[PDB]
Amino acid sequence: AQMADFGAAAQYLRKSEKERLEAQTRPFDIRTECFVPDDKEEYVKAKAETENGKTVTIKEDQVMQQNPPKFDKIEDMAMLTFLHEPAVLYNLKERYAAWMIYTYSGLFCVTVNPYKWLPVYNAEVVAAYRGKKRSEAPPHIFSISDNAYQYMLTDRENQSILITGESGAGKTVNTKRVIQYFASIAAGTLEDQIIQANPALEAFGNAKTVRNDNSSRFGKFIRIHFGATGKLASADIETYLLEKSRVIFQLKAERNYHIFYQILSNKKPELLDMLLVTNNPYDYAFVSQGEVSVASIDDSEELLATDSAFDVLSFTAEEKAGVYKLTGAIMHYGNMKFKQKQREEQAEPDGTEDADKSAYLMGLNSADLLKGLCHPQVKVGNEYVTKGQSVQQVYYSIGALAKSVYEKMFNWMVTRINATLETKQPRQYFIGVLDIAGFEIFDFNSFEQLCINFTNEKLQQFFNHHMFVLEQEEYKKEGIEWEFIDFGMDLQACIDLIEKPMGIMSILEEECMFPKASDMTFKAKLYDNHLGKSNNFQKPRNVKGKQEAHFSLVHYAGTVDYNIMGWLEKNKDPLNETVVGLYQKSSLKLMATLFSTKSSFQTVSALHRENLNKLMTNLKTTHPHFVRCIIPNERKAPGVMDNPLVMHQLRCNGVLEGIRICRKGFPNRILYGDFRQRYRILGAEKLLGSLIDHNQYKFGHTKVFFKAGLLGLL
Amino acid sequence: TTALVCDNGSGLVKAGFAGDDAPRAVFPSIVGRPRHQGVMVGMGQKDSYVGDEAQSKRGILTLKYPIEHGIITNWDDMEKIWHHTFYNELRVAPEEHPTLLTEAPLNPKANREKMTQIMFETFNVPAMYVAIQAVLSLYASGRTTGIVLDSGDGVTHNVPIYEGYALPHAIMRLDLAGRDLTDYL
């Protein structure tokens with residue numbers, strides 16, 4: 004009835020009731036259709062004797078009863094009697110096979126990349142979701158965009174869309190589709220404008236990753252602002268915590284942000300003539316750490332895209348030559364050289380080639396810069412006194428200066444984009460579109476992975492709190508008296524060692540301050556404070572033949588193993604205020620604009654924690670709506686999705702945590718009439749006072766609640 | 007599965023794997039404890055240092071040998087030294103290797119009883135064995151007949167062997183060795 008109005012896409016949105024009725028009545032068994040593991044499928048159906066193409070006999074306490082054939086295609090795995098990994102896995106597998114890329118997961122909105130053009134979004138024939146609710150219409154992200162619209166118009170409270178970002182595709186197309194939809198419903216457009224200046228962000232905040240080649244290395248919080256009544260207004264972009272540690276140090280088999288090699292592809296010899304810079308990447312230590320180039324992308328055409336971006340951007344000739352000069356200076360910093368003065372201690376420079384280069388570039392003096400690098404001044408009450416500097420201290424300061432310059436330039440460019448993309452009446456409300464990396468579990472995890480997983484722990488706790496208050500509200504609504512320990516925070520608040528003032532980060536800062544501290548002393552301190560005294564902190568099981576870890580954290584997405592080698596040098600961030608004062612006087616007006624606005646204690650972890658606190662503070666004032674874009678397969682061939690990839694992702698994406706919590710229900714929530722009908726073979745009071754346990758149900762105001770493992774009996 | 011050889015001695019631990027040509031780890035059989043105050047807050051003070059780590063920090067430590075005259079007279083320190091030898095020097099798991107300990111002749115029975123009890127309980131070795139130092143010295147010399155004079159850090163002993171037969175009534179054990187010469191010097 005309400006499905007045949009979507010045309011050629013309705014089959015993808017809601018299958019016709021004919022094949023549905025023939026499929027919802029399959030005769031199968033309860034005790035010969037279970038789930039057993041595998042090495043290439045990791046989960047299979049079979050008939061303990063079990064065979065589906067290969068015989069395996071396993072313990073009788075590891076098999077998962079397969080979902081009943083009643084719910085074998087439901088787009089909402091929150092109502093299943095069997096909430097386990099293979100259940101939802103094959104649920105999604107089937108729903109994608111019989112093409113339906115859209116699904117609901119308790120509160121998430123899982124979308125799968127189809128890789129095949131579909132009219133399921135265009136034209137508006139499918140966009141009829143206006144006025145429609147999630148609980149009635151098919152499970153489309155358009156329903157969620159519309160729900161956020163409705164909530165803004167009826168509640169005057171901002172809304173937020175948290176889309177999973179480490180997936181290479183699916184996320185970007187979904188962002189395009191949701192901004193298009195928001196332009197459509199509440200109608215040189217905001218979509219055009221937003222996608223115009225994107226090459227800037229692509230070149231500045233994306234780098235070659237071990238498990239990617241175009242990786243969002245920051246947080247993009249696109250705010251689409253709406254008028255007083257719900258009319259589209261301007262849209263500003265806001266950036267959050269950026270992995271600035273890469274600007275100097277890159278692991279082996281990775282490289283920093285694209286812009287460096289984009290410039291160094293010798294595409295515009297004008298630039299490589301202006302910045303006194305050659306083209307060989309192995310001459311600059313700040314870029315030649317890992318690999319200089321990947322074969323999966325060109326640099327010249329992307330350089331042209333970024334040039335055209337600066338042109339469509341409000342940048343002039345100076346606001347572009349200055350940026351190129353700053354990047355050239357960031358490269359020239361990498362190979363300045365200092366030596367301990369003969370016979371006492373002091374770091375002094377030997378050769379000033381890159382010194383003069385960078386001094387001319389940023390618009391400073393060379394002798395003044397060298398002196399301010401080797402002799403930083405400080406204000407003692409009312410007087411200034413020179414402070415001594417060793418070689419390693421000079422290098423740390425140089426790195427800190429490079430990182431500060433890069434982040435300042437990034438933020439200024441984002442402000443310029445906000446300016447050129449904003450002209451509108453004073454508006455009230457907006458919708459939050461949050462792009463950010465997700466959880467990571469690599470073969471070799473390090474400081475950056477720890478920071479990213481910490482941020483994702485925070486976001487996941489946010490989602491858990493939202494879902495907890497939702498379920499608690501719904502229980503107070505149906506009069507169902509049932510109270511439980513907070514499903515929101517009390518899960519990760521103990522995996523928040525990383526922030527409490529004795530955990531890993533505080534210990535790392537302490538070790539950054541302490542004399543002669545090394546990695547071994549850092550490991551010793553970690554062990555003395557946590558090994559045995561905490562349950563989430565565990566010693567890794569290091570097997571010879573695999574990379575050596577040093578400790579293991581029990582995250583929500585599994586137990587990750589970290590290798591702390593080098594965290595000390597990576598956490599130090601001593602800013603040299605003398606050189607910053609030199610910057611504030613430069614001739615290159617972009618540099619002075621950057622550093623326009637009675644210190645040696647700065648660490649990357651501290652700035653990161655403060656930025657994360659600010660981001661969570663912003664999010665905690667709005668209403669969230671989460672989306673889980675998935676890459677189904679790696680060979681790009683549509684239709685068939687590999688099971689281990691999608692299983693790992695379903696772990697890291699955050700859906701499995703929601704499943705694990707709703708399993709503590711009462712996941713199955715039905716009214717009276719449906720059970721009165723489908724199980725009348727003999743309202744619900746007498747129908748269930750006859751048989753099972755008396756706690757598996759709690760009736761209230763035409764609502765029955767069933768725990769996971771009861772409809773597998775009916 | 008390979009086996010471990012752990013010639014203890016009273017002045018030097020020599021450990022390794024059965025089949026090599028020389029011990030893989032050779033360090034002093036010593037345990038040091040700090041005697042002075044300790045002021046730098048956060049320096050990560052260890053309770054005790056073993057092996058040759060206690061030898062480089064010896065300026066601030068008080069050193070103790072847990073073996074006096076071939077006899078183990080401090081079983082906690084000896085357990086520390088064995089734990090070090092297995093986990094930090096050889097870097098193995100004692101649960102996967104038979105261990106061949108060594109002992110001097112004519113020393114109390116409780117010594118070997120405690121050795122084997124320590125091994126089997128607090129290390130869970132699959133099997134063990136306690137040899138006599140002079141017999142092994144004769145193995146290494148490539149002979150089956152001779153009177154071997156072993157003289158280490160704690161005890162000097164002769165063991166006469168003939169055609170692979172020991173003469174236990176002619177074993178003579180003397181109790182001056184390297185350490186008494188060090189003290190006399």
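Chains as they are written, first to last, in the UniProt record's numbering: chain W, 4 to 50, 61 to 200, 215 to 624, 637, 644 to 727, 743 to 751, 753 to 775; chain P, 7 to 191.
Each residue gets a CB set at the ideal place from its N, CA and C atoms; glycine is no exception.
Any idea what DSSP makes of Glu25(W), helix, strand or coil? Of the three classes helix, strand and coil, the one that applies to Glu25(W) here is helix, per DSSP.
Identify the residues that DSSP records as bridge partners of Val765(W): which are they? Listed as beta-bridge partners of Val765(W) by DSSP are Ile715(W).
Please classify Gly355(W) as buried or exposed, where buried requires at least 16 other C-beta atoms within 10 Å of its C-beta. Buried: at least 16 other Cβ atoms inside 10 Å.
So, do the segment 126 to 139 of chain P and the segment 93 to 110 of chain P have three or more beta carbon pairs nearer to each other than 8 Å? Because the criterion of three Cβ pairs below 8 Å is met, the segment 126 to 139 of chain P and the segment 93 to 110 of chain P touch.
Exposed or buried, which one is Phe126(P) when buried takes at least 16 other CB atoms within 10 Å? Answer is exposed; the Cβ neighbour count stays below 16.
How would you list, in chain order, the residues of chain W whose beta-carbon sits under 7 Å from the beta-carbon of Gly48(P)? Contact of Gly48(P) with chain W by beta-carbon distance below 7 Å involves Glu537 and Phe541.
For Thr548(W), which residues in chain P fall below 7 Å Cβ to Cβ? What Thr548(W) touches in chain P: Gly50.
Using the beta-carbon count (16 or more within 10 Å), is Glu655(W) buried or exposed? Answer is exposed; the Cβ neighbour count stays below 16.
Under the rule that 16 or more other beta-carbon atoms within 10 Å means buried, what is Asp754(W), buried or exposed? With fewer than 16 other Cβ atoms within 10 Å, it is exposed.
From which residue to which residue does the alpha helix (DSSP H) around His668(W) run? For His668(W), there is no enclosing alpha helix (DSSP H); the enclosing beta strand (DSSP E) covers residues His668 to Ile675.
Compare the beta carbon distance of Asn480(W) and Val587(W) with 8 Å and say whether it is the shorter of the two. For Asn480(W) and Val587(W), yes; Cβs fall inside 8 Å.
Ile66(P) - containing beta strand (DSSP E), residue span: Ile66(P) -> no beta strand (DSSP E), and no H or E assigned at all.
Limits of the unbroken alpha helix (DSSP H) element including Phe490(W): In the DSSP assignment, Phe490(W) falls within the unbroken alpha helix (DSSP H) covering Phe474 to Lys504.
Using the beta-carbon of each residue, which ones in chain P are nearer than 7 Å to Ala551(W)? Residues of chain P with a Cβ closer than 7 Å to the Cβ of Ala551(W) are, in chain order, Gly50.
Count the CB pairs spanning the segment 319 to 327 of chain W and the segment 250 to 260 of chain W that are closer than 8 Å, and state whether there are at least three. Contact between the segment 319 to 327 of chain W and the segment 250 to 260 of chain W is absent, because fewer than three Cβ pairs lie under 8 Å.
In the DSSP assignment, what are the bridge partners of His163(P)? According to the DSSP secondary-structure assignment, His163(P) is paired through a beta bridge with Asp156(P) and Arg179(P).
Just the Cα atoms here: how many angstroms apart are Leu106(P) and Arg30(P)? If you take the alpha carbons of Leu106(P) and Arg30(P), they lie about 15 Å apart.
Cβ of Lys20(P) within 8 Å of Cβ of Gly38(P)? If you check the CB distance, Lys20(P) and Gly38(P) do not come in under 8 Å.
Out of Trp88(P), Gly50(P), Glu102(P) and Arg41(P), point me to the one whose CA is closest to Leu69(P)'s CA. Out of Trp88(P), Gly50(P), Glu102(P) and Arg41(P), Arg41(P) has the C-alpha closest to the C-alpha of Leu69(P).
What residue range is occupied by the uninterrupted beta strand (DSSP E) comprising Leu16(W)? Segment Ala13 to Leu16 is the alpha helix (DSSP H) holding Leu16(W); no beta strand (DSSP E) there.
Identity of the residues DSSP links to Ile73(P) by a beta bridge: Paired residues: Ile78(P).
Exposure label - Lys352(W); buried when at least 16 CB within 10 Å: So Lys352(W) ends up on the buried side.
Do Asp513(W) and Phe541(W) come within 8 Å of each other at the CB atom, strictly closer than that value? No, the pair does not count as a contact, with Cβ atoms beyond the cut-off.
Compare the C-alpha of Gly183(W) against each of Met686(W), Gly684(W), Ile715(W) and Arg673(W) and name the closest. A check of alpha carbon separations from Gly183(W) across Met686(W), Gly684(W), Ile715(W) and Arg673(W) identifies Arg673(W) as the nearest.
Could you give the DSSP three-state label for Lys352(W): helix, strand or coil? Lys352(W): helix per DSSP, three-state reduction.
Got a sec, what are the start and stop residues for the alpha helix (DSSP H) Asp263(W) sits in? If you look at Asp263(W), you'll find it isn't in any alpha helix (DSSP H); it sits in the beta strand (DSSP E) that goes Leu259 to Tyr267.
Please state whether DSSP places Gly38(P) in a helix, a strand or coil. Secondary structure at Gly38(P): strand, using DSSP grouped into helix, strand and coil.
State buried or exposed for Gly148(P), treating a residue as buried only when at least 16 other CB atoms are found within 10 Å of its CB. Looking at its Cβ environment, which holds fewer than 16 other Cβ atoms inside 10 Å, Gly148(P) is exposed.
Presumed contact (8 Å Cβ cut-off) between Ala133(P) and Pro100(P), rounded CB distance: That belief does not hold up - the Cβ atoms of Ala133(P) and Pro100(P) are roughly 11 Å apart, past 8 Å.
From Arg250(W), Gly144(W), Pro151(W) and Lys86(W), residue whose alpha carbon lies closest to that of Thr167(W): The candidate whose alpha carbon is nearest that of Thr167(W) is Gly144(W).
Start-to-end residues for the alpha helix (DSSP H) that takes in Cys697(W): Residue range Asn688 to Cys697 is occupied by the alpha helix (DSSP H) that includes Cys697(W).
Length of the line joining the Cα atoms of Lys709(W) and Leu524(W): Per the coordinates, the alpha-carbon of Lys709(W) lies some 26 Å from the alpha-carbon of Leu524(W).
Quick one: Cα of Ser614(W) to Cα of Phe248(W), how far? Their backbone Cα atoms lie some 34 Å apart in a straight line.
Decide if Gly593(W) is buried, meaning its Cβ has at least 16 other Cβ atoms within 10 Å, or exposed. Residue environment for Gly593(W): exposed (fewer than 16 other C-beta atoms within 10 angstroms of its C-beta).
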